[PDB]
Amino acid sequence: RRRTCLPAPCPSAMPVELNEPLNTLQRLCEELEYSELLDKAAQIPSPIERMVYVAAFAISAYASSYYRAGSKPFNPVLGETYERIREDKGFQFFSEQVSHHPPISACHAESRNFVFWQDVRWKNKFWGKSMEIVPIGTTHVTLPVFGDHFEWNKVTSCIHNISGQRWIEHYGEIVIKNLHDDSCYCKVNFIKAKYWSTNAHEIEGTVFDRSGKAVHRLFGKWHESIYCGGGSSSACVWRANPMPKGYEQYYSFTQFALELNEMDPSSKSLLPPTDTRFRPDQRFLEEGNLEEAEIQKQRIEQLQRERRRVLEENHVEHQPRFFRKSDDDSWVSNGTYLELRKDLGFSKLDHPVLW
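Going by PDB author numbering, the letters in the sequence shown line up with residues 511 to 522, 544 to 693, 695 to 887, in that order.
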């Protein structure tokens with residue numbers, strides 16, 4: 511039912548040839564590739580075993596990045612949105628680029644079993660021949676059935692040898709807490725690789741009780757599989773979905789990623805006009821038309837600049853449509869996107885014209 515190809519193979544201010552045809556909002560949606568971990572967490576009465584699956588969920592967010600070091604996602608323009616209603620996975624995702632200077636992406640997804648949301652700001656920085664990626668923002672998951680509210684941070688990424697001998701790495705510590713239950717917390721270390729070994733991508737984690745005693749260990753590789761151990765017992769709690777055959781020909785997308793930008797002709801009229809699916813530069817890139825992709829990308833950046841200039845001449849601050857700024861200065865859904873969609877009410881908002 512959903513596509514498993516693009517019209518054209520991937521090519522063998545940034546030139547479009549370096550882009551993949553997804554943007555930052557869509558990469559947020561990719562963090563729900565393994566949302567079945569939350570469905571399973573919502574069925575585990577014990578908060579300590581449940582924390583294991585949330586941790587695996589947090590780790591699973593990194594898997595897809597393994598094959599994608601060669602490509603850069605599009606920067607959404609200010610006011611761009613992206614939705615993703617997945618009956619199959621039982622969630623409704625939507626997102627919005629709420630700031631461009633600096634770039635901030637916000638997202639929110641509802642399921643009968645969980646609510647997932649975050650806002651993220653990425654700081655890039657080139658260091659010699661390599662690029663350091665430093666995210667700011669917190670990820671949240673609630674599991675209503677238990678009153679759980681988990682929160683955790685992202686770690687640092689590095690893209691090395693920025695040649696075809698390039699590779700991405702993640703390292704740092706994730707700390708996961710449940711704000712409604714201090715009975716346990718979790719710390720996960722993404723181990724930085726060593727020059728003497730090919731062995732990389734390793735994860736070492738522990739679920740601690742409130743006193744700091746170790747109850748479960750977590751270990752494995754963030755692009756492969758993760759195991760849980762807990763006194764004489766051990767189990768695989770997660771593994772990566774296999775890449776589709778010939779996946780390299782389409783930006784090395786997972787099957788999930790390949791589905792994200794697809795325009796479904798039956799549900800098209802349900803979308804607000806800021807949805808990424810309408811963005812023409814990404815669509816030309818999918819079609820292998822690099823020249824027109826580049827023209828459209830430059831044009832879209834120009835439109836964004838002119839719009840920003842007008843706003844500051846009129847002393848007007850940009851106002852996101854589906855997210856509001858909390859006291860945290862974090863961005864959260866204002867509870868209107870899915871309600872307006874359902875009610876066919878997108879016309880009732882004044883949408884910036886982005887392309």
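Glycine included, C-beta positions come from ideal geometry on N, C-alpha and C.
{"Item": "Within the continuous alpha helix (DSSP H) that includes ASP813, where are the two ends?", "Value": "812-818"}
{"Item": "I need the straight-line Cα distance from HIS639 to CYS718, nearest angstrom please.", "Value": "23 Å"}
{"Item": "Where does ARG558 fall in DSSP's three states?", "Value": "helix"}
{"Item": "Tell me the rounded alpha-carbon separation between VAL676 and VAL646.", "Value": "11 Å"}
{"Item": "In this structure, how does DSSP classify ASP679 when only helix, strand and coil are distinguished?", "Value": "strand"}
{"Item": "Using a Cβ-Cβ cutoff of less than 6 Å, which residues in the same chain neighbour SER784 once the five nearest sequence positions on both sides are dropped?", "Value": "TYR598 and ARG599"}
{"Item": "What is the rounded straight-line gap between the Cα of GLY696 and the Cα of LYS603?", "Value": "14 Å"}
{"Item": "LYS724: buried (16+ other C-beta within 10 angstroms of its C-beta) or exposed?", "Value": "exposed"}
{"Item": "So for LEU553, helix, strand or coil by DSSP?", "Value": "strand"}
{"Item": "Find the nearest neighbour of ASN550 within the set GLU641, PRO797 and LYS829, judged by alpha-carbon distance.", "Value": "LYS829"}
{"Item": "For the beta strand (DSSP E) that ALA637 lies in, which residues bound it at each end?", "Value": "635-642"}
{"Item": "So, under 8 Å CB-CB, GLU548 and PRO521 are touching, yes? Tell me the CB distance rounded to an integer number of Å.", "Value": "5 Å"}
{"Item": "In the DSSP assignment, what are the bridge partners of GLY704?", "Value": "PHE722"}
{"Item": "Going by C-alpha distance, which of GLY820, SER862 and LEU553 is nearest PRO517?", "Value": "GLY820"}
{"Item": "Below 9 Å between beta carbons: does that hold for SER630 and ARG615?", "Value": "no"}
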